[PDB]
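Trainee: I have a structure I would like to understand better, so I am pasting it below and will then ask my questions one at a time.
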Amino acid sequence: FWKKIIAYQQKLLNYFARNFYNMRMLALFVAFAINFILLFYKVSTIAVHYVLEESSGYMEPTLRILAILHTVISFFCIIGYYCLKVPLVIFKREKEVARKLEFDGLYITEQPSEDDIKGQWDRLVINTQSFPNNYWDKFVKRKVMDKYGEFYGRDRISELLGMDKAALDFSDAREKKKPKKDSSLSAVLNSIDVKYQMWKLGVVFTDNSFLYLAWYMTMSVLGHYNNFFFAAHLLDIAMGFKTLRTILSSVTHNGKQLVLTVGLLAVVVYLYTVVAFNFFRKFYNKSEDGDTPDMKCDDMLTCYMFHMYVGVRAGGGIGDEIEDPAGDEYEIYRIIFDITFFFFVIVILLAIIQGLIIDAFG
Amino acid sequence: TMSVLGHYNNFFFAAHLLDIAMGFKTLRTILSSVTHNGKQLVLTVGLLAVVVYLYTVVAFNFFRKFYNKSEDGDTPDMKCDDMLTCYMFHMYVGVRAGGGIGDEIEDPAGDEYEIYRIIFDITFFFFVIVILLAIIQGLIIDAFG
Amino acid sequence: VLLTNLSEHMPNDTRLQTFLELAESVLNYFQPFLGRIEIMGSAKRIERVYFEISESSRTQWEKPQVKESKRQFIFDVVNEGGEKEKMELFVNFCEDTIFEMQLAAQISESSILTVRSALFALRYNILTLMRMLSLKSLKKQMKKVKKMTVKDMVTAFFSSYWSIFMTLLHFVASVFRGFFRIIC
Amino acid sequence: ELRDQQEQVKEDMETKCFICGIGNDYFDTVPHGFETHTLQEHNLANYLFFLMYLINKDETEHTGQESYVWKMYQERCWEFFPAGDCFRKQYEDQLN
Amino acid sequence: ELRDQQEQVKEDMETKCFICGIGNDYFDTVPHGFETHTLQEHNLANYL
Ligand SMILES: Nc1ncnc2c1ncn2[C@@H]1O[C@H](COP(=O)(O)OP(=O)(O)OP(=O)(O)O)[C@@H](O)[C@H]1O
Ligand SMILES: Nc1ncnc2c1ncn2[C@@H]1O[C@H](COP(=O)(O)OP(=O)(O)OP(=O)(O)O)[C@@H](O)[C@H]1O
Ligand SMILES: [Zn+2]
Ligand SMILES: [Zn+2]
């Protein structure tokens, strides 16, 4: 009974761990199929409702079956992750906390910075009895004993680590053992370590990849309510393909500098907006009808939005969109304004972005 | 075969001008810049297609009213009422435009989705027009180096 | 200084080794304050010189601004410099840095909430998940599943992970709510 | 060019000592020899501290070596800086 | 390529003598040995 169910559980876990990657590839393939089906919708004529138009008539049941299969594979990819990749994360965390405890005394001599989520959460696993569950070294609690027992108090270090002196004395002394059965389910519930499993669940929840897979499953579930939510699964190609990762590394290598370039561009455009708002406010009419003028720089926020949207997206600058300054007493100043805008914004900064990407490649 | 078909249609002789790449080694040195990173150049186009498809999804779900392309008010030429048509619009006109899709779609001035649409256009211009084309150019320059 | 000089000038000396062990504590205390350089002596030989480094000097040297100045000086002397004037530029930099550290010593005379909220959400949401087993009231469920079926087996196996994914979603929602409350 | 300059600076400081200029492999014949030489024997911070101590020390209390270095530094002669030689190379046979 | 060529020229003239071609370290075994050799013994201006 107990042995049979444990064996069957182990078989299921082994199967999912073995097929984790194949299921991850299958999810992407089903996502490409669903999104190719989604490309043939029509808006029908108020209450407008999205229909799938097709001559065959089958591809709506195709879409339903594919959505259900995608959701099932998404759930199975979470299960396979939990069976396969979680133990490595737990092993690494238990190794790190053990080394910090031994060779740094991070819970004896000094204390966590109270700003470290990992350091604060790892206080729980120390007192647990199932510590190095995954890490090989099962004598770390005795090494800490032999290292800090004399200085910081043997009983105090024992209370910190969760060891029981009376338990060891009882084991060494003379008693009469009483038989037990694994069949006793109340006994097995008492035997399981609640605190260690709580710490493990916290580590898993704080894991980034598990969070990504949960987001994937949530997206797949919402896809049933709205079929276009399946398009978000096409964002998995970056992780699916390493060759695409090599391309994306060009952008991500200098991402901070790419963001700072945009910030600098925003500041420069704001300065140009200040100048235009104070001196060149009469050239920003944007209406052909002379009766109603659509002034776009009477407001500072509107002028900044104009400069950041139309002036930036224009190939020639803001002068391609604002009124001709011909025959005006501010002609030279406005021409300098437009030329400097074109040179600094359109030419130099975009070249900075391109140079950043090329430098990342090199 | 091309030369033989040239007798039936004299313009079939233009395909023989494609032999210059093999004829000249100096032209081969130039073409090596493109062919050195051809797989990455194709993958860049694939990524661009995926990004444009995502933008098409967003526009089709939220900004469908700004895609009228007819001057006559009697007959409206909506280009995003169909998903395939919207994707074709975004891949052809939006990509070939120097400023992005906003250079071709209606002005969002005085609209309750003005800020969202402006963010849409700015992100389209930055990611598609600026970054990805720069990726292609950087690939060619990296091949040279 | 005497013991260090003797140890370095008489490397393989078992008799001196024991005295080094006996003086280990004093040497460990004075290690930060002991300076050691090599110079081209008057006897046309390389000689080691032992001097005293002050604690204030060490701190002002390890101040970040002085480290940035050191990095800039190294960059400049490496990219644009010559072997002849290298040791002149180094001394000029040393003099300027010494003056700036002396002036600094002269003048120098006399989020947690987000982490806590995330920790609380993580504890609460996982405790909710574990309550079903901590209450030890699963006896009615065990009574209904006395009948052993492979289908019920597999269904419970999947249900465990499904409950885990609700617990993770709940934890994530709680974290977002807490972050919004903190910022607002 | 900026990237190449930074890489050149890093390579030079990782492959040769700042003061004597001897390559890293010669010291690396002994394990961790280059790090030991560049952080204990020929540390530039140690030279800076030596100049600081020699300046802040009274001239009458100078030892023979300190007086030698002081005179050389006053006359702006940098021959006392080891160039191409070190303690290890000077006492190669006796030390090993 | 122009920058690389300039850097290569500088590196070659700083690391090996123009006439004999012996490396800089061999002369640098004596302090300022490379400069002395390339400016007093094997100076190309002296040959001119
Ligand atoms: N004479 C020298 N003095 C000091 N370091 C030298 C010398 N010659 C070579 N080096 C090398 O220069 C490097 C010094 O490292 P670096 O300047 O980054 O130290 P740091 O104080 O830790 O810097 P950071 O500010 O980046 O933390 C080492 O690799 C060292 O071996
Ligand atoms: N045979 C050689 N003759 C001269 N210099 C040599 C020779 N071999 C190597 N060198 C090196 O070439 C360099 C000559 O320097 P450079 O040509 O810049 O001198 P310069 O007359 O001062 O130039 P500049 O016009 O830039 O002032 C030195 O670093 C020297 O060590
Ligand atoms: Zn040295
Ligand atoms: Zn020579």
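Trainee: Mind listing whichever residues of the stretch D:39-69 are surrounded by fewer than 17 Cβ atoms within 10 Å (Cβ to Cβ) and of a type outside the set (S, T, Y)?
Mentor: If the condition is that a residue be surrounded by fewer than 17 Cβ atoms within 10 Å (Cβ to Cβ) and of a type outside the set (S, T, Y), then D:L39, D:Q40, D:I55, D:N56, D:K57, D:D58, D:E59, D:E61, D:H62, D:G64 are the ones that fit.
Trainee: Determine, yes or no, whether E:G33 is within 15 Å of ligand 4 (Cβ to nearest atom) and at positive phi.
Mentor: When the stated conditions are applied, E:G33 does not pass them.
Trainee: Of the residues that make up the stretch D:70-92, is at least one within 11 Å of ligand 3 (Cβ to nearest atom), surrounded by 15 or more Cβ atoms within 10 Å (Cβ to Cβ), in a loop (DSSP other than H, G, I, E, B) and among the charged types (D, E, K, R)?
Mentor: Scanning the stretch D:70-92 turns up at least one residue that is within 11 Å of ligand 3 (Cβ to nearest atom), surrounded by 15 or more Cβ atoms within 10 Å (Cβ to Cβ), in a loop (DSSP other than H, G, I, E, B) and among the charged types (D, E, K, R).
Trainee: I've got another one for you. Please verify whether the stretch B:75-82 includes one or more residues that are of a type in the set (D, E) and either surrounded by 14 or more Cβ atoms within 10 Å (Cβ to Cβ) or at positive phi (or both).
Mentor: Looking for residues that are of a type in the set (D, E) and either surrounded by 14 or more Cβ atoms within 10 Å (Cβ to Cβ) or at positive phi (or both), one finds at least one in the stretch B:75-82, hence yes.
Trainee: Follow-up question, since we're still on this one. Please work out if C:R181 is charged (D, E, K, R), surrounded by 12 or more Cβ atoms within 10 Å (Cβ to Cβ), in a helix (DSSP H, G or I) and more than 9 Å from chain A (Cβ to nearest Cβ).
Mentor: It is false that C:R181 is charged (D, E, K, R), surrounded by 12 or more Cβ atoms within 10 Å (Cβ to Cβ), in a helix (DSSP H, G or I) and more than 9 Å from chain A (Cβ to nearest Cβ).
Trainee: Please go through the stretch C:1-28 and give me each residue that is surrounded by 10 or more Cβ atoms within 10 Å (Cβ to Cβ) and either aliphatic (A, V, I, L, M) or under 30 Å from C:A104 (Cα atoms) (or both), ordered by number.
Mentor: Within the stretch C:1-28, C:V1, C:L3, C:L6, C:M10, C:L16, C:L20, C:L22, C:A23, C:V26, C:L27 qualify.
Trainee: So, one more: Starting from residues that are within 14 Å of chain D (Cβ to nearest Cβ) and of a type outside the set (S, T, N, Q), keep the ones in the stretch E:8-20 and report whichever is farthest from ligand 2 (Cβ to nearest atom).
Mentor: The qualifying residue farthest from ligand 2 (Cβ to nearest atom) is E:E11.
Trainee: So, one more: Would you list the helices (runs of 4 or more DSSP H) that sit entirely within the stretch C:1-72 and hold 1 or more residues that are at the interface with another protein chain (Cβ under 9 Å from one of its Cβ atoms)?
Mentor: Here the list reads C:2-9, C:55-62.
Trainee: Additional query: Considering each of C:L133, C:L168 in turn, give the residue that is touching a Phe, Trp or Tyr at 6+ places or on another chain (Cβ under 6 Å) and either not in a helix (DSSP H, G or I) or not aromatic (F, W, Y) (or both).
Mentor: From the options C:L133, C:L168, the qualifying one is C:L168.
Trainee: For the stretch D:68-80, check the following and say yes or no: at least one residue is within 14 Å of chain E (Cβ to nearest Cβ) and out of contact with any helix residue (DSSP H, G or I) (no Cβ under 6 Å at 6 or more places or on another chain).
Mentor: yes
Trainee: Report every pair of residues separated by at least 6 positions or lying on different chains whose Cβ atoms are under 8 Å apart, first residue within the stretch E:23-48 and within 16 Å of ligand 3 (Cβ to nearest atom), second of a type outside the set (S, T, Y) and part of a strand (DSSP E or B).
Mentor: Cβ pairs passing all conditions: E:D25/D:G23.
Trainee: Take the residues in the stretch D:34-59 that are aliphatic (A, V, I, L, M) and farther than 13 Å from D:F81 by Cβ; name whichever of them is farthest from the other protein chains (Cβ to nearest Cβ).
Mentor: D:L39
Trainee: Quick check on A:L213: is it within 14 Å of chain C (Cβ to nearest Cβ), aliphatic (A, V, I, L, M) and on the phi < 0 side of the Ramachandran plot?
Mentor: Yes, satisfied.
Trainee: Of the residues C:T97, C:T128, C:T114, C:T167, which is touching a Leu at 6+ places or on another chain (Cβ under 7 Å) and within 30 Å of A:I117 (Cα to Cα)?
Mentor: Checking each option against the conditions leaves just C:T167.
Trainee: For the stretch B:94-145, name all the residues that are surrounded by fewer than 18 Cβ atoms within 10 Å (Cβ to Cβ), outside any loop (DSSP other than H, G, I, E, B) and small (G, A, S).
Mentor: Listed by number, the list holds a single entry, B:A143.
Trainee: Give me the pairs: first residue in the stretch A:31-54 and more than 11 Å from chain B (Cβ to nearest Cβ), second residue in a loop (DSSP other than H, G, I, E, B), beta-carbon distance under 8 Å, and six or more apart or on different chains, which are they?
Mentor: Going by the 8 Å Cβ cut-off, the qualifying pairs are A:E54/A:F40.
Trainee: Please count how many residues of the stretch B:1-26 are among the small types (G, A, S) and surrounded by fewer than 12 Cβ atoms within 10 Å (Cβ to Cβ).
Mentor: 3
Trainee: Continuing with the same structure: Of everything in the stretch C:125-178 that's farther than 25 Å from A:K11 by Cα and of a type in the set (F, W, Y), which residue is farthest from the other protein chains (Cβ to nearest Cβ)?
Mentor: Going through the qualifying residues, I end up with C:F176.
Trainee: Right, here's the next one. Which count do you get for residues in the stretch E:21-48 that are assigned to a loop (DSSP other than H, G, I, E, B) and within 8 Å of ligand 2 (Cβ to nearest atom)?
Mentor: 2
We did not get these values from a lab; they are worked out from the coordinates using the rules stated. Cβ sites come from the backbone with ideal geometry, for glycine too, and all protein chains shown count toward neighbours.
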